[PDB]
């Protein structure tokens, strides 16, 4: 696999041992051949599990998830997918790695799609080798892959709201369940219903993931309520998965606003990874997977693939050349390579709006391409009245950096800035000039 000019997809089934058994053997062989190598983890939780699997090997951990200081003897670097893309965008030199390994290579966040595009382009150029590790590669149509032990698959109506009757099987269970919901707000309602019924519930989402995931190891629980972030290598000691089979889809409308459409069906890859949380113990057959809908190609026209092109158009490759998306996912967006390439100062604003501003890629691009500088927040208040952000059914208000109370009405509306209480609180702080 390690031969230059080749991309290998390591598609062993979930729980086959890609991370704990295969990855250390690849790393040893890469060090034996003096290959400068990068290992890309989807999250800090996976970065910490990888350190345990690679312990003793000379790996430089470029993440605060692992308490290990580098010694300079390392030619293998390990970082998150988002950190790789961030360092490529920033004015810092990233080594031209001979071997590029991406774990949980199915991740559809924009920075992970961009990282696959950049790496696969370097392989196409004949400059590098790559290994993408995932049971569910782009375009997979199999929601029921192999597992370490047999799973009981059952199609059943799954609640998406609080209930008083008709779903006794949910609460009659005496084991541990991982339940995938389409949004944080939907999980809050289901969690409250379960807590009122006497269950112990932990909730996971992208913004709370490292902190709350530790609770699944440190205390007893009956349910974990989680969004799709748990499809990325999160391991639980569970015997049942309840899967709504639904997700939200960010969609750009008329090139001028982003809505969160749905909930709508998940892809086959997501359904296989959600199911893949159980059936992992060869000595415990009969884990249950209850699923509440079918699968569909909901990654087609999904904003993340247009946002990955915005990132790739702004990464230096070679002169004016621009990296393409990885071939099996290149048709998910109608976009021309290079259409989002920004001039020097606008590119710097675009990067800072994402890195420090914590804005979605699409929204950071609208601001930067309009020639607005990072600290100028006048655009948060001068949009049309239909762009008014609401807080508990009344227009949201903030004190601007000038000390005036104003209604939040952004020039460009991206539903991701106000999709839950935490997102809206963060956007109000941004509008106020607090970061």
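Positions refer to the first chain, counted from 1. Each form is matched to the other, and the largest set of C-alpha atoms that superpose within 1.5 Å is called the rigid core.
K.L.:
Do the Cα atoms of 72 to 80 or those of 241 to 249 sit farther, on average, from the shown form in 8 other deposited structures of this protein after fitting on the core?
P.N.:
It is 72 to 80 whose C-alphas lie farther from the shown form in 8 other deposited structures of this protein.
K.L.:
Tell me which stretch has the larger mean Cα B-factor in this entry, 263 to 271 or 208 to 216.
P.N.:
The recorded data point to 208 to 216.
K.L.:
Do the CA atoms of 107 to 115 or those of 234 to 242 have the higher mean B-factor in the entry?
P.N.:
Taking the mean B-factor of the alpha carbons in each, 234 to 242 is higher.
K.L.:
Among 91, 276, 360, 292, which residue carries the highest C-alpha B-factor recorded in the PDB entry?
P.N.:
Checking the PDB record, the top C-alpha B-factor among 91, 276, 360, 292 is at 91.
K.L.:
For the CA B factor values reported in this entry, which option in 302, 355, 173, 347 has the top one?
P.N.:
Comparing C-alpha B-factors across 302, 355, 173, 347, the maximum falls on 173.
K.L.:
In terms of the CA temperature factor given in the entry, to which third of its chain does residue 250 belong: lowest, middle or highest?
P.N.:
Its C-alpha B-factor, which the entry lists for residue 250, ranks in the lowest third among residues of this chain.
K.L.:
Test of reading the entry: by CA B factor among the chain's modelled residues, which third contains residue 87?
P.N.:
It falls in the bottom third of the chain.
K.L.:
Where does the C-alpha B-factor of residue 57 rank in its chain, lowest, middle or highest third?
P.N.:
As the PDB entry reports it, the C-alpha B-factor of residue 57 lands in the highest third of its chain.
K.L.:
Please say which third, lowest, middle or highest, residue 434 falls into when its CA temperature factor is compared across its chain.
P.N.:
It falls in the middle third of the chain.
K.L.:
Using only modelled residues of the chain, where does the Cα B factor of residue 415 rank: lowest third, middle third or highest third?
P.N.:
Within its chain, residue 415 is a lowest-third residue by C-alpha B-factor, going by the deposited values.
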